[PDB]
$ cat data-v5.pdb   # PDB, C-alpha atoms
ATOM      1  CA  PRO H1116       0.000   0.000   0.000
ATOM      2  CA  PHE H1117       0.834   3.553  -0.743
ATOM      3  CA  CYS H1118      -0.984   6.847   0.109
ATOM      4  CA  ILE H1119      -1.651   9.898  -2.039
ATOM      5  CA  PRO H1120      -3.118  13.320  -1.260
ATOM      6  CA  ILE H1121      -5.900  14.212  -3.601
ATOM      7  CA  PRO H1122      -5.259  16.502  -6.600
ATOM      8  CA  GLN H1123      -4.785  19.964  -5.246
ATOM      9  CA  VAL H1124      -7.470  22.417  -6.255
ATOM     10  CA  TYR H1125      -8.248  24.196  -2.948
ATOM     11  CA  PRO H1126      -7.957  27.679  -1.442
ATOM     12  CA  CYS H1127      -7.127  26.456   2.089
ATOM     13  CA  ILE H1128      -4.421  25.441   4.474
ATOM     14  CA  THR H1129      -3.241  21.900   4.790
ATOM     15  CA  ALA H1130      -3.863  19.687   7.751
ATOM     16  CA  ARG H1131      -1.378  17.539   9.537
ATOM     17  CA  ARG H1132      -0.476  14.110   8.136
ATOM     18  CA  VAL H1133       1.716  11.253   9.383
ATOM     19  CA  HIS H1134       3.653   9.284   6.769
ATOM     20  CA  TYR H1135       6.490   6.787   6.904
ATOM     21  CA  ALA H1136       7.278   4.695   3.821
ATOM     22  CA  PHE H1137       8.752   6.470   0.783
ATOM     23  CA  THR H1138       9.839   4.988  -2.500
ATOM     24  CA  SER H1139      13.383   5.144  -3.702
ATOM     25  CA  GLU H1140      12.176   6.080  -7.091
ATOM     26  CA  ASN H1141       9.442   7.989  -9.009
ATOM     27  CA  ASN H1142       7.121   5.263 -10.070
ATOM     28  CA  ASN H1143       4.194   7.508 -11.059
ATOM     29  CA  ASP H1144       4.480   6.685 -14.706
ATOM     30  CA  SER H1145       1.193   4.916 -14.766
ATOM     31  CA  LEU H1146      -0.425   8.279 -14.248
ATOM     32  CA  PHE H1147      -1.986   9.483 -17.481
ATOM     33  CA  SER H1148      -3.394  12.760 -16.108
ATOM     34  CA  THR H1149      -4.263  14.750 -13.038
ATOM     35  CA  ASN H1150      -7.579  16.641 -12.773
ATOM     36  CA  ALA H1151      -8.242  16.997 -16.443
ATOM     37  CA  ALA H1152     -11.401  18.883 -16.150
ATOM     38  CA  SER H1153      -9.978  21.848 -14.141
ATOM     39  CA  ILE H1154      -8.164  24.974 -15.195
ATOM     40  CA  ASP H1155      -5.994  24.884 -12.174
ATOM     41  CA  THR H1156      -4.000  23.031  -9.545
ATOM     42  CA  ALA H1157      -2.381  24.068  -6.235
ATOM     43  CA  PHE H1158       0.493  22.305  -4.628
ATOM     44  CA  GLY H1159       3.709  20.688  -5.922
ATOM     45  CA  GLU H1160       4.167  21.728  -9.487
ATOM     46  CA  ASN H1161       3.028  18.763 -11.471
ATOM     47  CA  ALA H1162       2.481  17.838 -15.096
ATOM     48  CA  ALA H1163      -0.626  17.008 -17.109
ATOM     49  CA  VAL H1164      -0.858  14.360 -19.893
ATOM     50  CA  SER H1165       2.101  13.993 -22.156
TER      51      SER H1165
ATOM     52  CA  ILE B 169     -16.966 -33.277 -45.408
ATOM     53  CA  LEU B 170     -17.128 -31.104 -42.255
ATOM     54  CA  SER B 171     -15.655 -29.468 -39.274
ATOM     55  CA  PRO B 172     -13.101 -31.393 -37.120
ATOM     56  CA  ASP B 173     -15.480 -32.150 -34.256
ATOM     57  CA  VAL B 174     -16.450 -35.742 -34.001
ATOM     58  CA  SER B 175     -19.618 -35.775 -32.045
ATOM     59  CA  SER B 176     -20.026 -39.472 -32.351
ATOM     60  CA  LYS B 177     -17.171 -40.372 -30.061
ATOM     61  CA  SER B 178     -18.890 -43.369 -28.892
ATOM     62  CA  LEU B 179     -16.808 -46.479 -28.748
ATOM     63  CA  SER B 180     -15.158 -45.795 -32.110
ATOM     64  CA  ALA B 181     -12.788 -48.198 -33.778
ATOM     65  CA  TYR B 182      -9.945 -45.759 -33.717
ATOM     66  CA  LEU B 183      -9.273 -46.272 -30.024
ATOM     67  CA  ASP B 184      -8.529 -43.250 -27.999
ATOM     68  CA  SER B 185      -7.698 -40.187 -30.057
ATOM     69  CA  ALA B 186      -7.377 -40.128 -33.787
ATOM     70  CA  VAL B 187      -9.509 -37.106 -34.495
ATOM     71  CA  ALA B 188      -7.658 -34.110 -36.056
ATOM     72  CA  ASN B 189      -7.719 -31.408 -33.452
ATOM     73  CA  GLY B 190      -7.110 -28.434 -35.657
ATOM     74  CA  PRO B 191      -6.658 -24.828 -34.374
ATOM     75  CA  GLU B 192      -8.948 -22.153 -35.669
ATOM     76  CA  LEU B 193      -6.415 -19.673 -36.942
ATOM     77  CA  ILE B 194      -9.028 -17.382 -38.208
ATOM     78  CA  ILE B 195     -10.369 -15.230 -35.369
ATOM     79  CA  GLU B 196     -12.193 -12.087 -36.500
ATOM     80  CA  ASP B 197     -12.459  -8.810 -34.497
ATOM     81  CA  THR B 198     -14.712  -5.788 -34.804
ATOM     82  CA  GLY B 199     -14.268  -2.892 -32.384
ATOM     83  CA  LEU B 200     -11.046  -1.326 -31.276
ATOM     84  CA  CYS B 201      -7.549  -2.836 -31.176
ATOM     85  CA  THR B 202      -7.005  -2.418 -27.430
ATOM     86  CA  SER B 203      -4.805  -3.759 -24.764
ATOM     87  CA  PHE B 204      -4.963  -1.163 -22.054
ATOM     88  CA  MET B 205      -7.730   0.986 -20.872
ATOM     89  CA  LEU B 206      -7.249   4.574 -20.166
ATOM     90  CA  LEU B 207      -8.923   4.354 -16.764
ATOM     91  CA  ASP B 208     -10.407   7.161 -14.809
ATOM     92  CA  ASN B 209      -9.424   5.991 -11.429
ATOM     93  CA  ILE B 210     -10.480   8.963  -9.345
ATOM     94  CA  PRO B 211     -13.258  10.922 -11.048
ATOM     95  CA  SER B 212     -13.626  14.685 -10.771
ATOM     96  CA  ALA B 213     -15.518  15.741  -7.638
ATOM     97  CA  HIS B 214     -18.221  17.939  -9.037
ATOM     98  CA  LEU B 215     -17.438  21.105 -10.748
ATOM     99  CA  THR B 216     -19.494  24.044 -11.941
ATOM    100  CA  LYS B 217     -19.536  25.087 -15.609
ATOM    101  CA  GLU B 218     -20.677  27.808 -17.976
TER     102      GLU B 218
END
$ encode --input "data-v5.pdb" --output "C-alpha cells"
Amino acid sequence: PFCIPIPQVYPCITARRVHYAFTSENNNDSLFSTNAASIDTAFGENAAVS
Amino acid sequence: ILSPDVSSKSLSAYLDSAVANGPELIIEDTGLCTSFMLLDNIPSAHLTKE
C-alpha cells in the first residue's frame, strides 16, 4: 500500500499528516493525467498528460 | 466433409484419439484494437460550468 493526497485544487491550508514509507524512485508513470477537467492546480508543481 | 469435431465419439474403432484437433487460426475482431484501458481511477468531484 501507498498513500496519495488528492489533486490539489483548494484555497485552504493543509492539515497535519503522518507518513512513513517512501519509495526510492518515481514510479508515477502509470499516471496518465491529473484533474483533467480543471483549469488549475495548487500544490507541488506537477504535469498534465504527455 | 465437415468441421473437425467428431460428435459421435462413442466407442469408435480408432481407439482413444485419432480425431484431427485443428486450431482455428481465423479469429475475426470488430471494435477497437485495445490492450490497455485509459482508466479514470479517481473521477472529478463535481465542478461548476458555464
$ resolve_selection --input "data-v5.pdb" --expression "the ChimeraX specification (/B :<8) & /H" --output "PDB file with C-alpha atoms, in the frame of the given file"
ATOM      1  CA  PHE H1147      -1.986   9.483 -17.481  1.00  0.00           C
ATOM      2  CA  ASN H1150      -7.579  16.641 -12.773  1.00  0.00           C
ATOM      3  CA  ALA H1152     -11.401  18.883 -16.150  1.00  0.00           C
TER       4      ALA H1152
END
$ atom_distance --input "data-v5.pdb" --atom1 "CA of residue 1159 (chain H)" --atom2 "CA of residue 1120 (chain H)"
11.1 Å
$ resolve_selection --input "data-v5.pdb" --expression "the PyMOL selection byres ((chain H and resi 1123) around 6)" --output "list in words"
residues 1122, 1124, 1125, 1156, 1157 and 1158 of chain H
$ atom_distance --input "data-v5.pdb" --atom1 "CA of residue 175 (chain B)" --atom2 "CA of residue 187 (chain B)"
10.5 Å
$ residues_around --input "data-v5.pdb" --residues "residue 1163 (chain H)" --least-positions-apart "4" --cutoff "8 Å" --atoms "all atoms listed in the file" --output "VMD selection string"
chain H and resid 1147 to 1149 1151
$ atom_distance --input "data-v5.pdb" --atom1 "CA of residue 176 (chain B)" --atom2 "CA of residue 188 (chain B)"
14.0 Å
$ resolve_selection --input "data-v5.pdb" --expression "the PyMOL selection byres ((chain B and resi 174) around 12)" --output "MDAnalysis selection string"
chainID B and resid 169:173 175:180 182 185:190
$ residues_around --input "data-v5.pdb" --residues "residue 1138 (chain H)" --least-positions-apart "6" --cutoff "12 Å" --atoms "all atoms listed in the file" --output "list in words"
residues 1116, 1117 and 1118 of chain H
